Amino acid sequence: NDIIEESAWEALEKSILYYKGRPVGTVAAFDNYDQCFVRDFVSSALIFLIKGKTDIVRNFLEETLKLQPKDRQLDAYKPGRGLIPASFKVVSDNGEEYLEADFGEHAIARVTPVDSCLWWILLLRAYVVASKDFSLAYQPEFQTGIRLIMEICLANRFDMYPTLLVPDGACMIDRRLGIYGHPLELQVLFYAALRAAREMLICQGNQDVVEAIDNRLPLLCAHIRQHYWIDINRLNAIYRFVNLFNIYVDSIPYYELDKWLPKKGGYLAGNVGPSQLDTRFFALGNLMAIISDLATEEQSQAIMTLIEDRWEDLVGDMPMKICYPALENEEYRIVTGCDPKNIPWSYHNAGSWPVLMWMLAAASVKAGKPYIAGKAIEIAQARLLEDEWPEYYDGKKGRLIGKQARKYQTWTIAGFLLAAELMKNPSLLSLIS
Amino acid sequence: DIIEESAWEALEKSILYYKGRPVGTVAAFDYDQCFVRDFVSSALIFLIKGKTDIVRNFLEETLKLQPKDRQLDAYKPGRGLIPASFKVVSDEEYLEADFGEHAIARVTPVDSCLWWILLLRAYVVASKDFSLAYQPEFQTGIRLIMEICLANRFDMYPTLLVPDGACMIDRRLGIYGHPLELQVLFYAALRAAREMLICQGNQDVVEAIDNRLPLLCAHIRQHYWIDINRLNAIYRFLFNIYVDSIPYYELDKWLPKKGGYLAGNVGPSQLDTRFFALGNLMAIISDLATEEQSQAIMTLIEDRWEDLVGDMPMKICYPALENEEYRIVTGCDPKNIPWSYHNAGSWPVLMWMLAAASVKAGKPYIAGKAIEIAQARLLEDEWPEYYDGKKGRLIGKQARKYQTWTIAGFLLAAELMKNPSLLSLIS
């Protein structure tokens with residue numbers, strides 16, 4: 001453990017990205033050489049905070065805050081007000097270095113990922129909790145940063161549900177995977193960010209947004225707990241017909257689900273909308289739901305029971321599946337548009353992503369069953385060092401190194417380290433919840 | 001003819017009164033409920049006959065129901081939206097708006113506010129007077145609608161991003177994303193708003209409209225266009241449309257050599273190759289479609305007349321979603337079974353747009369052909385809401401009778417055929 005953790009730690013320090021001589025983040029994969037992704041930095045940030053290296057996190061938060069658009073945007077191909085970029089890079093071409101933000105303006109899909117701004121709020125809270133000082137968050141520029149994020153997420157456009165309406169590929173999954181609408185990942189991160197925002201926002205001068213947050217929280221909590229929850233009992237209720245959503249039983253694979261679900265198993269659905277229930281299991285959403293207390297205690301234990309009982313499906317030989325099961329055949333053709341990268345059990349389409357192990361650890365510790373994550377650590381340890389920390393794995397059991405997976409993927413390294421740290425010291429959950 | 005005579009009688013009976021003033025028309029008579037999209041056809045008739053007061057009243061009263069402030073709470077309408085419908089609460093009288101706050105889908109359809117802008121323009125054009133539009137409350141009204149539509153959220157394309165069921169089709173039919181109908185109406189509404197907005201004080205919005213129009217037009221014209229050339233391109237292997245993802249062999253056989261149409265939707269790894277009538281017709285009418293494109297669309301409608309018009313003009317979209325695709329895309333909503341309702345059902349109301357587009361395109365005999373087909377059945381069937389089946393042979397499975405926009409759509413098709421200059425009201 002010590003030897004592998006030290007090898008991982010040495011890799012992590014090499015990934016540090018510098019701006020004006022200061023550390024401002026970590027690169028996605030050490031070998032662009034000057035690029036930092038917000039979602040990727042989370043695992044790095046948390047490790048650095050645990051080791052008392054808070055300055056890099058402060059610098060990241062300060063610089064990313066400056067990249068946030070402050071004003072309403074009415075022109076096409078420009079980022080929405082209050083959003084946080086997916087990534088930034090240090091441009092040193094001109095004599096003076098500066099940061100260049102990417103909001104997806106020239107990405108294959110011209111969509112600004114929503115998860116980045118929500119992670120940004122959680123990292124701000126992590127920083128002030130680690131520092132035992134809310135001073136940074138209380139600075140007017142940071143109060144504004146938080147408010148703008150909450151405003152864009154809270155504000156109803158056409159959809160009036162308490163959930164956040166988004167286009168497809170608007171989070172960690174950034175290609176077409178049928179996660180348009182109300183995908184779990186973003187609902188859970190929205191809920192988590194709402195909690196953090198409420199904890200950091202000064203009410204004076206923020207009355208309207210603080211009020212809206214206070215009303216949205218319990219509503220969204222109840223909404224997700226009621227309408228997203230899948231267990232054997234829910235399947236029976238859908239089958240036997242009032243309700244908020246009309247969900248028709250013919251649209252779901254209910255005999256396959258009944259067979260898959262253990263008696264005391266259950267999970268939060270991938271998506272819920274009018275005439276729409278995505279019964280895929282999504283790992284990030286389900287694990288963060290446990291960590292954020294979004295799932296009830298009973299729901300949290302049902303998720304753990306599912307993971308334990310269907311270990312081979314959900315973990316296999318590499319923790320863990322981003323989602324389950326794979327979209328296949330006609331479903332694959334319709335939902336992904338025959339995306340060749342997301343063939344069954346590859347990449348986003350039920351590929352295996354080592355980074356998720358830190359959330360598995362956090363959730364397992366939170367649920368009082370740390371041995372679940374210990375089992376996953378043992379498996380990951382056996383391959384990640386050998387394979388030099390790949391970005392992801394492919395196949396039904398995650399046996400194959402990802403076809404386009406980068407080596408020395410930083411959130412694989414940090415995710416592994418973070419998992420080990422959360423096991424040693426459960427009290428560190430306070431950083432992320 | 002008794003059919004035209006009966007149509008006029010019904011349209012009169014459909015009028016909805018508020019405080020003794022006509023404020024719109026009911027959806028179907030048999031009930032105190034005026035839908036914004038339904039009223040367009042009626043309003044255009046009333047404008048054409050010089051009965052402009054009802055339209056003025058509709059516009060004034062609906063403007064009052066529009067939310068003026070930003071809304072951060074759930075289950076309340078977004079700022080600047082027009083409700084799908086309103087009703088008179090007789091129990092003094094007051095107007096009660098419906099934005100979908102308690103509907104089966106808690107989504108405010110976007111088409112209503114776009115039609116509202118087009119109606120406001122239709123009114124000022126028919127009146128030969130822009131007075132009502134230049135009033136401050138109306139200037140605000142137009143501004144708010146443009147703001148909610150223009151303001152980028154997560155999606156940065158010039159097109160409007162929406163949930164599923166966000167237009168005339170207000171149930172789950174795989175029209176989430178950038179559905180044609182709303183892009184075409186958005187384009188037309190942008191053009192209309194520019195004509196009616198006073199540049200002084202509204203500079204940010206007017207500049208934004210000017211920036212968006214050519215970007216939106218170019219985007220739709222390039223990326224939504226489907227013809228044989230594009231089908232071959234996909235077969236050869238920007239949005240990465242893969243041949244396996246579309247019914248290529250159906251489409252290759254179906255499309256006439258000189259035929260073409262604007263796709264139902266476009267996004268990364270996504271091309272909805274269904275033909276949507278409202279979007280394609282309004283694109284011709286607004287000149288969003290190029291002249292060549294407009295002729296290619298008309299050639300398609302002529303050559304595949306049996307598929308697209310059949311025994312009742314006309315298909316809301318084509319073809320139907322069936323089998324596993326139906327289950328995956330619609331979630332097995334029993335009202336949208338194949339060739340019924342939104343799922344490639346036949347909607348009489350659409351004939352007024354077929355008429356308008358046909359006249360615009362210089363092929364008015366199409367309009368005549370459609371009116372002839374409709375005349376044979378609509379009166380005997382008592383003006384049904386919609387028809388079902390591959391050829392539109394069945395009265396709609398749950399279709400209401402005396403559907404007002406079936407009646408108004410019928411009459412408006414003839415009026416536009418009689419006087420092609422009336423296209424100024426809608427373009």
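First the proteins, then the strands, lettered A, B, ... as listed; each starts at 1. FYI, side chains are in, hydrogens and waters are out, and symmetry mates aren't considered; it's all heavy atoms of this structure.
Heavy-atom neighbours of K335(B) NZ from other residues, nucleotides or ligands within 6.0 Å: above the threshold of 12. The 12-atom threshold is not exceeded at OH of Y239(A), counting heavy atoms of other residues, nucleotides or ligands nearer than 6.0 Å. More than 12 heavy atoms of other shown residues, nucleotides or ligands fall within 6.0 angstrom of atom CD in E322(B). The environment of NZ in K70(A) is crowded: more than 12 heavy-atom neighbours from other residues, nucleotides or ligands sit within 6.0 Å. No more than 12 heavy atoms of other residues, nucleotides or ligands shown are found within 6.0 angstrom of NZ on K78(A). Counting non-hydrogen atoms of other residues, nucleotides and ligands closer than 6.0 Å to CZ of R198(A) gives a total of 12 or fewer.
At a 4.5 Å heavy-atom cutoff, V243(B) makes no contact with chain A through either its backbone or its side chain. With a threshold of 4.5 angstrom between heavy atoms, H178(B) does not approach chain A through any atom at all. Of the atoms belonging to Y180(A), it is side-chain heavy atoms, and not backbone ones, that fall under 4.5 Å from chain B. Contacts of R70(B) with chain A are made by side-chain atoms alone, with heavy-atom separations under 4.5 Å and no backbone atom involved. If you measure heavy-atom distances from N211(B) to chain A, the contacts under 4.5 Å come from the side chain alone. Proximity to chain A (any heavy atom under 4.5 Å) is restricted, for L81(B), to the side chain, taken from C-beta onward. Heavy atoms closer than 4.5 Å to chain B are found in both the backbone and the side chain of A155(A). Neither the backbone nor the side chain of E207(B) comes within less than 4.5 Å of any heavy atom in chain A. For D204(B), the parts lying under 4.5 angstrom from a heavy atom of chain A are both the backbone and the side chain.
Panel note: side chain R216(A), backbone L72(B); a donor-acceptor pair is recorded below 3.5 Å.
Taking chain B as the reference chain and counting heavy-atom pairs below 4.5 Å, the highest number among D339(A), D75(A), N243(A) is found for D75(A). Across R172(B), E101(B), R171(B), the residue that shares the most heavy-atom pairs under 4.5 angstrom with chain A is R172(B). Your options are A208(B), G267(B), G174(B), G177(B), and the one with the most heavy-atom pairs under 4.5 Å with chain A is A208(B). Contacts with chain B were tallied for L244(A), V209(A), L277(A); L244(A) has the most, counting heavy-atom pairs under 4.5 Å. Interface summary for chain A: among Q71(B), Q270(B), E324(B), the most heavy-atom pairs under 4.5 angstrom belong to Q270(B). Put simply, of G82(A), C153(A), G80(A), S251(A), the one with the most heavy-atom pairs under 4.5 Å next to chain B is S251(A). Of the residues considered (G104(A), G337(A), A170(A), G169(A)), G337(A) shows the highest number of contacts with chain B, using heavy-atom pairs under 4.5 Å. Per-residue heavy-atom pair counts under 4.5 Å with chain A were compared for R79(B), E147(B), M146(B), and the maximum is reached by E147(B).
Taking the side chain as every heavy atom from C-beta outward, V335(A) and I328(B) approach each other to under 4.5 Å.
Distance CG/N246(A) to SG/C332(B): 12.5 Å, rounded to 0.5 Å.
Residue-level contacts of residues 156-165 of chain A with chain B, in order of numbering, are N156(A), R157(A), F158(A), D159(A), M160(A), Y161(A), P162(A), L164(A), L165(A); threshold 4.5 Å between heavy atoms. Contacts between residues 102-117 of chain B and chain A, counted as heavy-atom pairs separated by less than 4.5 Å, involve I104(B), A105(B), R106(B), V107(B), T108(B), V110(B).
Counting all heavy atoms, side chain and backbone alike, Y242(B) lies closest to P340(A) at OH-CD, 3.2 Å.
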